[PDB]
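Working notes, structure below.
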Amino acid sequence: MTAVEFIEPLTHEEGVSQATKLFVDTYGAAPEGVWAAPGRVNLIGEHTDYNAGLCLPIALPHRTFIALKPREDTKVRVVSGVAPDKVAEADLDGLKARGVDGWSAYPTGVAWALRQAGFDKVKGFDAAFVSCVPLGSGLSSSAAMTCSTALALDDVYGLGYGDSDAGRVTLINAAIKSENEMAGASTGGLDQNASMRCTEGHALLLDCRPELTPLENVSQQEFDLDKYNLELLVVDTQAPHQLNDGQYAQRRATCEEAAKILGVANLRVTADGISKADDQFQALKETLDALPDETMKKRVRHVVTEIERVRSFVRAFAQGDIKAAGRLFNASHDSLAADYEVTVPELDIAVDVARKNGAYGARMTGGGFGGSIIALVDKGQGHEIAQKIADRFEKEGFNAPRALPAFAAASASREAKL
Ligand SMILES: OC[C@H]1O[C@H](O)[C@H](F)[C@@H](O)[C@H]1O
Ligand SMILES: [Cl-]
Numbered sequence: 001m002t003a004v005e006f007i008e009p010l011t012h013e014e015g016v017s018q019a020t021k022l023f024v025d026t027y028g029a030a031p032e033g034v035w036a037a038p039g040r041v042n043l044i045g046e047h048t049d050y051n052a053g054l055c056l057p058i059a060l061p062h063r064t065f066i067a068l069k070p071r072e073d074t075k076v077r078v079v080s081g082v083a084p085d086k087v088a089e090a091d092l093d094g095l096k097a098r099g100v101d102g103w104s105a106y107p108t109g110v111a112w113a114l115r116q117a118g119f120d121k122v123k124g125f126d127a128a129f130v131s132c133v134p135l136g137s138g139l140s141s142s143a144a145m146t147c148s149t150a151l152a153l154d155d156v157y158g159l160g161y162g163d164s165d166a167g168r169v170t171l172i173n174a175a176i177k178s179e180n181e182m183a184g185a186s187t188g189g190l191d192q193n194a195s196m197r198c199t200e201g202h203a204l205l206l207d208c209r210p211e212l213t214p215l216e217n218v219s220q221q222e223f224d225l226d227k228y229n230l231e232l233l234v235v236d237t238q239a240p241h242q243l244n245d246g247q248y249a250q251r252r253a254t255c256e257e258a259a260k261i262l263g264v265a266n267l268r269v270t271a272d273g274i275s276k277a278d279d280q281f282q283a284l285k286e287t288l289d290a291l292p293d294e295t296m297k298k299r300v301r302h303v304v305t306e307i308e309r310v311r312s313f314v315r316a317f318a319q320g321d322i323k324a325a326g327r328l329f330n331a332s333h334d335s336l337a338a339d340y341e342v343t344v345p346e347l348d349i350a351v352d353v354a355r356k357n358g359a360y361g362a363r364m365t366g367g368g369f370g371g372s373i374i375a376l377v378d379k380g381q382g383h384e385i386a387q388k389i390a391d392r393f394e395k396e397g398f399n400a401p402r403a404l405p406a407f408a409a410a411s412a413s414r415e416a417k418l
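Residue numbers (the authors' numbering): 1 to 418.
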């Protein structure tokens, strides 16, 4: 057997070097520059973004690097280091939703979304992508690709949105629209806000109420694992799963109906009225009594309890109460498994192994149905716990997992410019 693999992040130098070489190898021309956006881990606040809730992501050090050059036509050529001999080619001129074949829908759809928003200066482009955000890990390779492209296009076309947090929300919205409308992949905005608005050493307390302005809807929370002698273990289960299989879309449909039945614009309205009540049990009971469907009650209970767990976590971590922080991780996972029903055995067994082996807490992160777990562990324990999960996976007959180093890293940025 092989020891469990840790997937290291590309350095600035490696990402620039590799994205530039793929660009020159593919297109001959030099790119105008290289941009990059990170993947993410959601610490807590899962399945709350599209309910106008609270989230708490960090940006991983793992980034997607885009070498890009604008074109004076409307042609979009893209290549990825996974498949360097397969250049995808579309044209923005009269391009419609779902008009683009395969992975290239994600970057092409960003240019489309900017044009649809009236950025008429945005024409075609050539790009090359090199990533270390692991595929199928639930760590937002999708956002790393769309957000790196949105930042690169903003820069080369001088749109003026990339150089401010509030400006980056315009580029976030284009990235989200690409994924939802061009690629046909249902997504809230958790991942794209993380990738473009996180900061090094901080978690992004993101308030997803849609009426908030950018300076109202984030709060950088201290997330210095070294201050508490901690390590955030991240394990990609590599469990076989399927994007756009309809499960994630169903959860969203279920929440929207719940909100319709409750007569509220979103479940955050419901959650906040419960949270403010003196008797939160009774406020929840009265809400779930208004939902006749037994699955819908479960989904609403998850959303309401998870939003409050975010607040609880921000307080626990600021207090250095790592046991309390870990219990909140654990209650988030347990809710996602029992009430939201978005876990699978690989996630649940990895989490149990982490819990049994000294984690303060452990949970799936991201959408679920596969992908990754995270665990708050003591510094120096991540490798041991990752290998315990790997040994257990082999006993279970599961695909080997892989792990990634993790800490709160910087958001998207320009990496190089001619
Ligand atoms: O918190 C669950 C997440 O699932 C997926 O990653 C989505 F992309 C995010 O928007 C979010 O809903
Ligand atoms: Cl559902």
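For each residue, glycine too, the CB sits at the ideal point set by N, CA and C.
- prompt: Just checking, does the segment 168-176 make contact with the segment 128-136 on the three C-beta pairs under 8 Å criterion?
  reply: no
query: From the DSSP output, which residues share a beta bridge with residue 35?
result: Sequence index remark: in the sequence shown, residue 35 carries index 35 (1-based). According to DSSP, which records beta bridges pairwise, residue 35 is partnered with 66, 414.
Straight-line Cα distance separating residue 45 from residue 140: As a position in the sequence shown, residue 140 is number 140, starting the count at 1. As a position in the sequence shown, residue 45 is number 45, starting the count at 1. Roughly 15 Å separates the two Cα atoms.
Outcome for residue 229 when other beta-carbon atoms lying within 10 angstroms are tallied against a minimum of 16: Taking the first residue of the sequence shown as 1, we reach residue 229 at position 229. Its Cβ having fewer than 16 others within 10 Å, residue 229 is exposed.
field: Close beta carbons around residue 156, own chain, < 6 Å, minus the five adjacent residues each side
entry: Along the sequence shown, one-based indexing puts residue 156 at 156. If we look at residue 156 and ignore the five residues flanking it on each side, its Cβ neighbours are 32, 70.
message: Give me the pocket residues for ligand 2, defined as CB within less than 6 Å of any heavy atom, sorted by chain position.
response: 250, 251, 254, 295, 299
task: Identify which residue in 53, 98, 163, 40 has its Cα closest to the Cα of residue 134.
output: On the sequence shown, residue 134 is found 134 positions in, with the first residue counted as 1. Of the candidates 53, 98, 163, 40, the one whose C-alpha sits nearest the C-alpha of residue 134 is 40.
- request: State yes or no: is the C-beta of residue 191 nearer than 7 Å to some heavy atom of ligand 3?
  value: Annotation note on ligand 3: not contained in the displayed structure, which lists ligand 1 and ligand 2 as its ligands.
query: Can residue 14 and residue 402 be called in contact, C-beta distance under 8 Å?
result: Reading the sequence shown from its first residue, position 14 is the one you call residue 14. Reading the sequence shown from its first residue, position 402 is the one you call residue 402. Contact: no.
task: Quick one: give me the first and last residue of the beta strand (DSSP E) that residue 247 is part of.
output: For the purposes of this step, residue 247 is taken as residue 247 along the sequence shown, with counting starting at 1. Unbroken run through residue 247 is the alpha helix (DSSP H), 247-262; no beta strand (DSSP E).
- request: Within 10 angstroms of the Cβ of residue 193, are there 16 or more other Cβ atoms? Answer buried if so, exposed if not.
  value: In the sequence shown, counting from the first residue as 1, residue 193 sits at position 193. Residue 193 should be labelled buried.
- request: Report, in whole angstroms, the separation of the C-beta atoms of residue 304 and residue 284, which I expect to be a contact under 8 Å.
  value: The residue you call residue 304 lines up with position 304 of the sequence shown. The residue you call residue 284 lines up with position 284 of the sequence shown. The pair is a contact, with the Cβ atoms about 6 Å apart (cut-off 8 Å).
- prompt: CA-CA distance, residue 320 and residue 313?
  reply: Position 320 of the sequence shown, counted from the first residue, corresponds to residue 320. Position 313 of the sequence shown, counted from the first residue, corresponds to residue 313. One C-alpha to the other measures close to 10 Å.
- request: Compute every distance between the C-beta of residue 241 and the non-hydrogen atoms of ligand 1, then say whether any falls below 7 Å.
  value: Translated into positions along the sequence shown, residue 241 becomes position 241. Residue 241 Cβ: outside cutoff for every heavy atom of ligand 1.
query: Sorry if obvious, but does the Cβ on residue 358 come closer than 7 Å to a heavy atom of ligand 1?
result: Locating residue 358 in the sequence shown gives position 358, where the first residue counts as 1. No, since every heavy atom of ligand 1 falls outside the 7 Å radius drawn around the Cβ of residue 358.
query: What residue range is occupied by the uninterrupted beta strand (DSSP E) comprising residue 207?
result: The sequence position of residue 207 within the sequence shown is 207, counting from 1. Element bounds for residue 207: 202-207.
- prompt: What are the partner residues of residue 55, as DSSP defines its beta bridges?
  reply: Position 55 of the sequence shown, counted from the first residue, corresponds to residue 55. Its beta-bridge partners are 206.
query: How many angstroms separate the CA atom of residue 109 from the CA atom of residue 357?
result: One-based indexing of the sequence shown puts residue 109 at position 109. One-based indexing of the sequence shown puts residue 357 at position 357. Computed Cα separation, rounded: 44 Å.
query: What residue does the beta strand (DSSP E) around residue 221 start on, and which one ends it?
result: Within the sequence shown, residue 221 is the residue found at index 221, counting from 1. Element bounds for residue 221: 218-222.
field: Contained beta strand (DSSP E) runs [length at least 3] in the segment 267-322, N- to C-terminal order
entry: none
message: If contact is defined by three or more beta carbon pairs under 8 Å, each pair taking one atom from either stretch, is the segment 355-374 in contact with the segment 392-400?
response: no
- request: Could you tell me whether the Cβ atoms of residue 113 and residue 164 are closer together than 8 Å?
  value: The residue labelled residue 113 in the question sits at position 113 within the sequence shown. The residue labelled residue 164 in the question sits at position 164 within the sequence shown. No. Outside cutoff.
Close beta carbons around residue 266, own chain, < 6 Å, minus the five adjacent residues each side: Indexing the sequence shown from 1 puts residue 266 at position 266. So the qualifying residues of the chain are 51, 52, 259.
query: Would you say residue 47 touches ligand 1, meaning its beta carbon is less than 7 Å from a heavy atom?
result: Counted from its first residue, the sequence shown places residue 47 at position 47. Within the cutoff, so yes.
message: Spatial neighbours of residue 309 within its chain, please: C-beta separation below 7 Å, excluding the five flanking residues on both sides.
response: By one-based count along the sequence shown, residue 309 stands at place 309. Correct list, in chain order: 44, 328, 331, 332.
- prompt: So, using beta-carbon positions, are residue 405 and residue 8 closer together than 8 Å?
  reply: Translated into the one-based positions of the sequence shown, residue 405 becomes position 405. Translated into the one-based positions of the sequence shown, residue 8 becomes position 8. Yes, the pair counts as a contact, with Cβ atoms nearer than the cut-off.
field: Check: residue 50 C-beta below 7 Å from any heavy atom of ligand 1
entry: For the purposes of this step, residue 50 is taken as the residue at position 50 of the sequence shown. It does: the Cβ of residue 50 is within 7 Å (strictly closer) of some heavy atom of ligand 1.
field: As assigned by DSSP and simplified to three states, the class of residue 16
entry: By 1-based counting over the sequence shown, the position of residue 16 is 16. Of the three classes helix, strand and coil, the one that applies to residue 16 here is helix, per DSSP.
- prompt: Once you ignore the five residues that flank residue 243 on each side, which residues in its own chain have a CB closer than 7 Å to its CB?
  reply: Numbered from 1 along the sequence shown, position 243 holds the residue referred to as residue 243. Cβ within range, chain order: 185.
query: Which parts of the segment 80-159 are runs of the beta strand (DSSP E), unbroken and 3 residues or longer, counting only runs that do not cross its ends?
result: 88-91, 125-131
query: Under 7 Å from any heavy atom of ligand 1, does the C-beta of residue 187 make it?
result: Counted from its first residue, the sequence shown places residue 187 at position 187. Checking the Cβ of residue 187 against ligand 1 gives yes.
- request: Starting from residue 351, follow its DSSP beta bridges and name the residues at the other end.
  value: Residue mapping note: residue 351 aligns to position 351 of the sequence shown, counting from 1. DSSP lists no partner for residue 351.
- prompt: What's the call for residue 86, buried or exposed, on a 16-neighbour Cβ count within 10 Å?
  reply: For the purposes of this step, residue 86 is identified with residue 86 of the sequence shown, where counting begins at 1. With fewer than 16 other Cβ atoms within 10 Å, it is exposed.
- prompt: Does the beta-carbon distance from residue 411 to residue 137 come in below 8 Å?
  reply: The residue labelled residue 411 in the question sits at position 411 within the sequence shown. The residue labelled residue 137 in the question sits at position 137 within the sequence shown. Cβ distance not < 8 Å, so residue 411 and residue 137 don't count as in contact.
- request: Would you kindly work out how many angstroms separate the C-alpha atoms of residue 25 and residue 68, rounded to a whole number?
  value: Walking along the sequence shown from the start, residue 25 turns up at place 25. Walking along the sequence shown from the start, residue 68 turns up at place 68. Cα to Cα, residue 25 sits roughly 13 Å from residue 68.
query: Which full runs of the alpha helix (DSSP H) of 4+ residues lie inside the segment 169-206, going along the chain?
result: 190-197
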